[PDB]
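In structure tokens, the next block holds one chain alone, the form deposited without this ligand.
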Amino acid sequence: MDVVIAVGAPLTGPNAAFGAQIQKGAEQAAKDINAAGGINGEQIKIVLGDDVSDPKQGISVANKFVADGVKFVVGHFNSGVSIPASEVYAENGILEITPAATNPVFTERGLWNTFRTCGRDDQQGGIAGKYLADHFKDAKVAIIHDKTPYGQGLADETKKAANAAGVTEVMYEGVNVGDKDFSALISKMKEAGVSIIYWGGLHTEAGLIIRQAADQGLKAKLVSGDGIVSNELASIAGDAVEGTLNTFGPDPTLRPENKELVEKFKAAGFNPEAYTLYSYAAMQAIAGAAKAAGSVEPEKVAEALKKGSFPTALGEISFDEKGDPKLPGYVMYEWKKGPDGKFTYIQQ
């Protein structure tokens, strides 16, 4: 019988673009795995669930997945969704592998079922904080976060690392997700002589801040994390996005092994940027571990994930005892016009 695998993601709402990356990546991997004979001879059946980046709607999705006989979940995107959802999964025989949720808490609760193909924010903040000290040692830095455990958690990790490396911020502020007028904050930063904004949060608020800062005459460079890696950032921010910096893993679209896969996505009308191949890889890890376990039981697949190594679009993947992957670390990107004339993130 079919192996039922769910995609839990923000298919609508502010982060819909990231939902699309996750859906498209997982769907293509399922198609490719099915074409090669499925998982241990069984076809994959995909079910979708839209969390709208809202923890409450996320748990409704989790419940739907349980009811529908889901065995594996690729998702979610937001740590604030994935963390509560993973408890439902853990208590109901479901393995969850997130391609994008980076809050350390996700894999620090001793749950049997939690895995990622992405990194975590203690690693990410360490890289960013060191970068701030290395390149902007003398700058007046504002640390701003979106008041979520993800955003504030990332800002706090970065603050710790920067502080240790000799950079003391002049401002530390929280804003609410969904708020869109930042003029008062921007004015405060101007008066404080801020030239660097570290942003702990996602692309919507980031693009708004970038756009408004430029309009209000604040010359500052925004630096963020992997929450802003979408074309939509440039759509919101406009040309002001140029020079923006952010941390992210190595770009998988650039791996030689993935050239055909990337061309196939584009032939289907999708640009497989950012988390698309992280989602693809999550599916590959599940299939790989199932093959090694000789079983599609989530508990057995989880054990196998923590023992072996498996081929993926991210390169050969293996997992530590907590479910975190052993893959290349974070690097800094800068936003510049790419060969196709569009602003995007390019590794420095």
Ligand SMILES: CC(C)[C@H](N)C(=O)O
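A residue's number is simply how far along the shown sequence it sits, counting from 1. Note that the rigid core is defined as the largest set of C-alphas that superpose within 1.5 Å between two forms.
Engineer: Taking C-alpha RMS after core alignment, which stretch differs more from the shown form in 4 other deposited structures of this protein: 331-339, or 21-29?
Structural biologist: Comparing 331-339 with 21-29, the larger C-alpha deviation in 4 other deposited structures of this protein belongs to 331-339.
Engineer: Using the rigid core for superposition, please say which stretch has the greater CA deviation in 4 other deposited structures of this protein, 148-156 or 99-107.
Structural biologist: Greater root mean square C-alpha distance in 4 other deposited structures of this protein: 148-156.
Engineer: Report the stretch with the higher mean CA temperature factor, choosing between 274-282 and 256-264 on the basis of the entry.
Structural biologist: The entry gives the higher C-alpha B-factor average to 256-264.
Engineer: What stretch has the higher average Cα B-factor here, 209-217 or 223-231?
Structural biologist: Looking at the record's C-alpha B-factors, the answer is 209-217.
Engineer: Which of these has the highest Cα B-factor in the record: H203, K137, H76, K147?
Structural biologist: In this record, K137 carries the highest C-alpha B-factor of the candidates.
Engineer: Have a look at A100, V88, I197, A184 and flag the one whose Cα has the highest B-factor in the entry.
Structural biologist: That would be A184, according to the entry.
Engineer: Pull the Cα B-factor of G80 out of the PDB entry and bin it into the chain's lowest, middle or highest third.
Structural biologist: Lowest third - that is where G80 ends up once the chain's C-alpha B-factors are sorted.
Engineer: Per the entry's values, where does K64 land by CA temperature factor relative to the rest of its chain, in the lowest, middle or highest third?
Structural biologist: CA B-factor rank for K64: lowest third.
Engineer: Split the chain's modelled residues into thirds by Cα B-factor; is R109 in the lowest, middle or highest one?
Structural biologist: CA B-factor rank for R109: middle third.
Engineer: Please rank the C-alpha B-factors of the chain's modelled residues and tell me whether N246 sits in the lowest, middle or highest third.
Structural biologist: It falls in the bottom third of the chain.
Engineer: According to the PDB entry, is the CA B factor of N163 in the bottom, middle or top third of its chain, that is, lowest, middle or highest?
Structural biologist: Its C-alpha B-factor belongs to the highest third of this chain's values.
What comes next is about the form solved in complex with this ligand, which is not displayed.
Engineer: Can you pick the one in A128, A155, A100, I209 that has a heavy atom within 4.5 Å of this ligand in the deposited complex?
Structural biologist: After the contact test, the surviving option is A100.
Engineer: Please tell me which of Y278, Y150, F72, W199 lies within 4.5 Å of this ligand in the deposited complex, judged by heavy atoms.
Structural biologist: When this ligand is considered in the deposited complex, the option within 4.5 Å is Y150.
Engineer: Looking at heavy atoms inside 4.5 Å, which stretch does this ligand contact in the deposited complex, given the options 178-186, 257-265, 163-171, 78-86?
Structural biologist: It is 78-86 that comes within 4.5 Å of the partner.
Engineer: May I ask you to check whether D226 falls inside a 4.5 Å heavy atom distance of this ligand in the deposited complex?
Structural biologist: Result yes; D226 sits at the interface with this ligand in the deposited complex.
Engineer: Hey, which residues along 24-55 are within 4.5 angstroms of this ligand in the deposited complex, non-hydrogen atoms only?
Structural biologist: Heavy-atom contacts within 4.5 Å come from no residue here.
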